[PDB]
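Next come C-alpha cells for two forms of one protein chain, structure 1 first, structure 2 second.
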Structure 1
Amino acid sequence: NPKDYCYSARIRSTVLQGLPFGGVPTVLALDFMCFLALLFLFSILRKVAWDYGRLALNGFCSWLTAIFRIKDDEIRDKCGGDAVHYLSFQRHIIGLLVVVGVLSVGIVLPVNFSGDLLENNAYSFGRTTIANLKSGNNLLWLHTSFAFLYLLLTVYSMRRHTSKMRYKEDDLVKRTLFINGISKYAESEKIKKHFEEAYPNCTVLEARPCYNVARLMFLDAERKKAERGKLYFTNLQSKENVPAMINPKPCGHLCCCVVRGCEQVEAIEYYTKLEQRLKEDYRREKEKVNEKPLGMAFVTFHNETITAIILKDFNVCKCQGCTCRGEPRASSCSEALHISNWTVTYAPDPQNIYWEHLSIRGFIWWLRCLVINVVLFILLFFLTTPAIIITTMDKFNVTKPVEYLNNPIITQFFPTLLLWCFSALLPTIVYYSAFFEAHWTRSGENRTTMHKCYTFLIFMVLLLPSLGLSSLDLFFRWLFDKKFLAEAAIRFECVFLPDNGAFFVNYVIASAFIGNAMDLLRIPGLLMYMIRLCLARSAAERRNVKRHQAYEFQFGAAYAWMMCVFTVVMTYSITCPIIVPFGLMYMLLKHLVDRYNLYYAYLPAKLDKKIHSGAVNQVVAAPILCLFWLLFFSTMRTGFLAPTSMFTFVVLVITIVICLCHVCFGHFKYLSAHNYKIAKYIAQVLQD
C-alpha cells in the first residue's frame, strides 16, 4: 500500500542500498573509502595545484598534524573573535550530541529493541526505530519524556555558550552613532553643533557624512591594476633586458594568429597610458563626489556614556495625540537638519561596512530586494526538491540523450548522478541571491544567508521528503486541501517507515565523510581560481590573481549547513536512535576541517555579534521540530486526546507562544536561550 507515494520525493534505491541492516554497514564502508581517497588527493592538490589550499598563511602530512597542534589563542591572534566564537558554538554541539548520544543509544534504543510490532519482518534496521512499539504501552511515555528533556538540554547548552561568549568590539565603535535620514546638505559643522549645543557633557570628535563612493572605488582598483602592471614589467625588463607585449582586447592569449589581432602592443607603454588615463578620471570622480551627499552621517563622541544617552533620547517612546512615539530635542539647527526623520543606531565596525552599497536606499532597495526574492521564491515553490525536477524531466522524455548509447550501467546510474547535481545546485541558487541585494554590511549579508539558506534546506532535506511531498505547491495543496484533518494520518504513517529512517541515517554518513572532504577540497573554488588564472592576460595579472583569491570565511553559509545536519540528527533522534552517533561523528570531522579552513585557508572577517547570537536561535529550532515528530506519531496511533498526544502538545503550545513573545521583545531572562554578561569612518578610498 504505502509505495506509490512514500518513495515519491526521492529517486529510488540502487541495489536495494545493500541487503543487511538498511544498507548502513555497506554505505559506511564505501563513504569511508572515499574519505581516504579524497584526503589522499587533497594531500597532493593542496601542495601542488597553485597553492589554492594554502593561500591565507611542511612535510607531506604537516597539514594534518597542524590541525591537532593549533591553540585557541593562536586562532584568536590569526582570525579574530568571530573564529573563536564559531569554534565555541561547535564545541557545545559536540557535547550536546554526547548527552543526547548516551541517552538515545543507552535508553531509547534498548527500549525499542524490546517491542513486538516489527519482530518477524525482514528489515533488521527497523527494530532499532520507534515503529517497533506496540500502541498500548506506557513505553511511549518514556519517548515523550525524552523528547521533552532534549529541549531543556538544548536550551541549557546555549545558555551556557552565550554566557561564556563575552564578545569584544573596539572602543572607536562603542562611541560612534550612525545617523540615517539627515538633510542631504548637512555639512559636518551643523551635525557637530547640534549635539554640542543640545546635550550637557557633550563633545563631538568627528561628524563624517557619507557620499556616493561607488565608481570612485572601482577606479581605485583599476588604477591599482595599472600600477601593478607598470611596476612588474619595469622590474622584469630591468633583469631580462628585453621588452614584452600584450593584446589590448580581452582574452589576449587566444590571439594565436594575426587576423585583426594587434597582440604586439608593448607592456610599458600600455601600462603607462593606462595608469595616466585612470589617474585622470579618478580626479574627475573625486571632485564630483562632494555634489552627491547620501544624507547619512557617522558621529564619533568623546564619551561612551553620552553616546548611550543620545542613543536613548532618539529611541524613547511616549504618548502624543496620534500615537506613542519618540521626541528628539530642539536646537539652533533642528529644522534645517530635519531632525524629524533621524534614525540613530550604534555604527558597525568600519570593516563590516560596504561603502559601495550605502548608495542604495529607500524605495529602490526594497523594490530591488523584493524582485530578487519574488522571482527566487516562485522558482523554489515549483522546483523545491531534486525529485520534482527529475520527475518532470521524465514526464517530458528529456532522458533521450542517454539512449543514444543505451548502456545498462548509464541508464541506472544517470538518475542518481542528476540528483547529486540538483541537490548541490538548488541551495547554491539560494545562497548566491544574498550577493545581489546589496546589504550595507557583512553582518546583514551573512544573517540573510543563514536564515534563507537554512530555511530552504529544512524543506529540501528534512520536511518535504519526509512526508513524501516533492514540492511546496504539493505541501500547501495537502495542507489547505478539503479533508486534511480526516486523512493526514496517511502522511504521518509515511514519516516512520524503516526505509525513511534508513535514508536519513545514510544522509548523515555521506555528510560526515564525503561532505567534509568536499569542504576541505573546495573543488568549485579551485576550478574558478584556475579558470580566472588562465584567462589573465599577463604575467603581472596572474600573480595579482593568486594574492586576491583567498576570501573571507562565509560564517552565514557555514552555520546554515551545520544547524541543518543538527536538525536532521535531533528530529530523527527519538524516532530513529541509531542516527545520533553518526551525528556526533559528523561534528568531530566538521570541527577538525573548520579549524584547518579558518586558520590555513581563509582570511579573517569582522562581523557584529548579531550573527553569532542569531545562529543560537536555530539550535532551539531542532528540538522544537522533534516534538512535532512525536505529536505526529502519538496522534496517529493513540489518537489526539490520549495523554502522550496532549503532553507533547501543551509543551509545544507554550514553546511556540513564548518564542512569539520573544519576537516582540528579547526582554525575558529566566525563560530564554540567551544568557549574557554586561578617523576610520571614512570610505576606504575617498581619503586617497
Structure 2
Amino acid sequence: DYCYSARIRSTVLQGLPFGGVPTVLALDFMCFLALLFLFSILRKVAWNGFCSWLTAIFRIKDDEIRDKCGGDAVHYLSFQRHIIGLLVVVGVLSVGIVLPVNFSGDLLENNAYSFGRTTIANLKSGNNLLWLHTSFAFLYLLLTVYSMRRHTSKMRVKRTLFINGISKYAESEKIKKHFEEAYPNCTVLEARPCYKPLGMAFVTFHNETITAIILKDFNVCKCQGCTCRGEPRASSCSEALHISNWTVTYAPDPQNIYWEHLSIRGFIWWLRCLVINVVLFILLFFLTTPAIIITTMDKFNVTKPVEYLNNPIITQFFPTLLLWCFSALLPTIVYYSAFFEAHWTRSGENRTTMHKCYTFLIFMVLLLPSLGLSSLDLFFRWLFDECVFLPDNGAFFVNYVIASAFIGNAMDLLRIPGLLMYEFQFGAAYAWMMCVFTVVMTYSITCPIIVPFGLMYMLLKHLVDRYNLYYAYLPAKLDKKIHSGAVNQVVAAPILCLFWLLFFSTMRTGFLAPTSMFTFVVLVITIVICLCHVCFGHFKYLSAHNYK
C-alpha cells in the first residue's frame, strides 16, 4: 500500500531528496556568511575592529533604543517581539504535535527521503486524525488574536471638517448659514475657504456627534427608488454651495494635505487608480511565472525516470532566489508608483501603500504560486495516461522562507551602507515581515516543518532591526494608524491558514466530508465577526486593539 508504487512506474513526479532543502539551506547560509564578510569590509571602508559590529548587536539596552528613537521604534520592536514569541508556541505545537501525526501517514511510506512525508499529503483521506489539523488551524487563530491583544494592551480639531468642491465665488455668510438652517440643531464656530481659494474649506462645529452627522449627510450609502445615497439636503444658501457636487471629510492638519492631488474626484480619479493598479497586477503575472516554470520540469514524452530531475541548485535554490529578488524589489515599485495615483492625504497614501505592498506580495508569493503549483494537470496526465498535493509537496515555500531568512536579512544590513562608487520605512518593513509571516502561518498546519525556518526568519530580522534602528536609520516619528493597521494583517494570516486548509481538504475529499464542513463553518463564523468590526461597529471588545 503506497501512493506512487515506484517499483511499477519510476515516475519523475516523486520529487527531490528532502525537497532540495539541504542544498537550498547550505547555499543560503554560505551566501549569508559571504554577505556578512562583505558588509564588514564595507562598514570598515570609511575611516574598533573587523567584526566589532557583531558584538554591538547584543550589548545595546532596550532603554537606549527607547531613548534615542522614540516610541514608534519601541511599538515596532514590541510587534516583532510578540510575533517571535507567537511562533515559539505555534512552532512547538507544529513540530511537537502536528509533525508526528503527519509522519505517521501510510501514504508516502515508499520514497523514504521525500519531503512530502512531513506534510498533510501523507494522510490518507477519511483517516480520523484529519480533525487535528482543522483544530490547530482554529487554535492558531485564537493565539494570533490573544498574542495581539497582549501587544496592543501594552501600548498608548475633533469638531472640524474639510469641505471640498465649493465654487471659488462662494461666501462665508452662506456657507455658515447653510448648516445652522439645513441642520438647525448645529452651531457653527468657524467657516473659512483656503489655499483666491481653490474651492476647499475648513468648517468647525460646537459638537462632535453633530459633526459626524453633518459629515455623513454628504457621503452616506442609504437609498430610495430615485437615488442610491443620501443626497445633501437643500437650503436658501444653495447657490453658493453646489451641494450635490461636494466631498466632505474630517479635517487633517495641512502637513497631511496634498494641495496638488485632491484637485480631481469621482470617476476620473477612479480611472487613474484602476489603470495604475491593473498595470501592476498584469506585471505581477510575468514577475511570478519564471519562478513557477523553472520549478516545474515534471513533464514527459522523454525525460521521465526519477533520475532526470535537475540539481536542486536550478530546481529549488535558483527560482526561490529569483522570487526573493522580485519580492524584495516589489516594495520599491509600489512606493514609487503610489505617488502617481494622487491620494488626497500623505497619511492615506502611507496607510494605503502598506496594505498594497502586502496584498501584491501575497498575490505574487503566496496566492498565484499556490494556484500555479496546484495547477498540476501533471497528475491527470499520469493518472489517465487522494494523492494530489503541490509538486515537491510545498518544499518551494520552505525554500522561500530560508532564502528570505538568510539572504534577505544579510542583505538588510547592506540596505543602508554605500561609498561603493570606486528614514526607516515603517510601512514597507511591516508589509514585508507580514508577507513572510503569512506564508509560515498558511503552511504551518499543512506543512509543519516550515515553522522553524519561520522563527529564524524573525530572530534574524529582529536582531538586524534592533541593530539598524539604533545605529543606522534616522530616528523617526510616525502616524500611529499604521501600527494598528498591521495587527489586522496578523489576523488575516490564520484565516488564510483556514482557507487553504479548506482548499487542500476539498480537492482531496468532498465538501460534504465533515472536516471540509467544519473548516467552512469556522471560516464563515470567523469572517462575519471580523467584518462586524470594520464599519458596523458592534464588536469593539474583541479580536484586537486593547489600548491604554
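Between two forms, the rigid core is the largest collection of C-alphas that superpose within 1.5 Å. Residue indices: 1-based, along structure 1.
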**Asked** Which one of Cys333, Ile514, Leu103, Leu584 is the only residue whose C-alpha moves by 2 Å or more between the two structures, after superposing on the core?
**Response** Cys333
**Request:** Kindly check if the Cα atom of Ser43 is displaced 2 angstroms or more between the two structures relative to the superposed rigid core.
**Result:** no
**Asked** Does superposing the core leave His302 with a CA shift of 2 Å or more between the two structures?
**Response** yes
**Request:** Determine, after fitting the two forms on their core, whether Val620 shows a C-alpha shift of 2 Å or more between the two structures.
**Result:** no
**Fill in**
With the core held fixed, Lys669 moves its Cα between the two structures by a number of Å equal to 3.6
**Asked** After superposition on the rigid core, what is the displacement of the C-alpha atom of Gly81 between the two structures, in Å?
**Response** 0.4
**Fill in**
Aligning on the rigid core, one finds that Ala387 shifts at its CA between the two structures, in Å, by 5.5
